[PDB]
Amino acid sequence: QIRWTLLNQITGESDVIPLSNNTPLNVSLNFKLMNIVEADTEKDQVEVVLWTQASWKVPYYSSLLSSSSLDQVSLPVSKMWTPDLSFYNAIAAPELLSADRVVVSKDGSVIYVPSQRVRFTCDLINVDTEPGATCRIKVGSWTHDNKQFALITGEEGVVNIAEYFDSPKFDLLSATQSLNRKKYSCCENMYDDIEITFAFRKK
């Protein structure tokens, strides 16, 4: 149902980011904060459910469906390169809540939306006040610098991090994101990250 032999090159190359020429791969990231599921005021720790909507394009993947009546194909994440996103301020390993699959379209654009439960520390002293408590989540490639992996995000038009939030216990008061590019001790080059700031209080 697909060009199966191509898929063997694709998985064969999966250890390495798929670059064309020298150009950085643009990886588009958008976030949806879905729910806050722990707000532990004694430990000062929060758990959220977050959907990371990631997409990138590898033109040579377009041959996968060229001869197929499929418009797109869903494939296990293990079959190709996917971004090594890490939460820089996670204090427990994020827990995947969705199927570990990506969708490839006819033009080679790839879409990947892990839904994860993520824990981090946050000062919850004001969580039961009208302004609420303000928390941040930082996400970026752990190992691909910005010469190879460049973060892009939605337009000031389309960004709506709180769009689908729903909780019977907490009110989500605001949610914004910055796109950052920083030098660290390890490496020649800089790393891109997006950081979400949000505020919430108890209902």
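We number the residues from 1 along the sequence you see.
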Take the C-alpha B-factors listed in the entry for 118-126 and for 69-77, compute each mean, and give the stretch with the larger one.
-> 69-77
Mean Cα B-factor comparison, 168-176 or 151-159, giving the higher one as deposited | 151-159
Among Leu64, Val46, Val139, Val49, the highest C-alpha B-factor in the PDB entry belongs to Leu64
Among all modelled residues of this chain, ranked by Cα B factor, put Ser98 in the bottom, middle or top third, i.e. lowest, middle or highest.
-> middle
Comparing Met190 with the other modelled residues of its chain, is its CA B-factor in the lowest, middle or highest third?
-> highest
Select lowest, middle or highest to describe the third in which the CA B-factor of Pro131 falls within its chain in this entry.
-> middle
Going by what the PDB entry lists, where does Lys202 fall on CA B-factor within its chain: lowest, middle or highest third?
-> middle
Assert third(CA B-factor, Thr143) within chain per record equals lowest
